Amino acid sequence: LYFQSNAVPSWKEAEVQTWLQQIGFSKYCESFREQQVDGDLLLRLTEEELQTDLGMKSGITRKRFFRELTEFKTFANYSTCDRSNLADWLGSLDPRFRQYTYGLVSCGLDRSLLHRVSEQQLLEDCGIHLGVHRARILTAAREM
């Protein structure tokens, strides 16, 4: 086990700034601070925000960025905002599914409400883009 500044939802701008340096994206440090990107905004970043508001011109560079961010979201501490422990429920299906925790929690979802979620809600509201991931989370939510 380890000690880590790991609670991404609680991150302020300084934590995001250090993280960009840690992943080799120090080129965008000034851009992330002028936009005042904190933990909550980082977890809700869209490609449009990355491209237009943060200036990440290359689609490959954006793929690299989101590849790093997805890695960190998978191993993030969500305890400050996940009272139902939605993270460990997603992890029980697949460790890779922990990345969706903040998306589900930001919509006010929890274990008790999962059985009524739809595919459109998982895509538009929670931002689960991969249909394979949506389908497995969906069928698991309805089988309870």
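Residue numbers here begin at 1 and follow the sequence given.
Participant: Got a sec? Mean C-alpha B-factor, which is higher, 80-88 or 43-51?
Facilitator: Stretch with the higher mean C-alpha B-factor: 80-88.
Participant: Which is higher in the entry, the mean Cα B factor of 25-33 or that of 63-71?
Facilitator: Between 63-71 and 25-33, it is 25-33.
Participant: Comparing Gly108 with the other modelled residues of its chain, is its CA B-factor in the lowest, middle or highest third?
Facilitator: It belongs to the middle third of the chain when residues are ordered by C-alpha B-factor.
Participant: Among all modelled residues of this chain, ranked by Cα B factor, put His133 in the bottom, middle or top third, i.e. lowest, middle or highest.
Facilitator: Answer is lowest: the recorded C-alpha B-factor places it there.
Participant: When the deposited Cα B-factors of this chain's modelled residues are ordered and cut into thirds, is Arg98 in the lowest, the middle or the highest one?
Facilitator: As the PDB entry reports it, the C-alpha B-factor of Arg98 lands in the lowest third of its chain.
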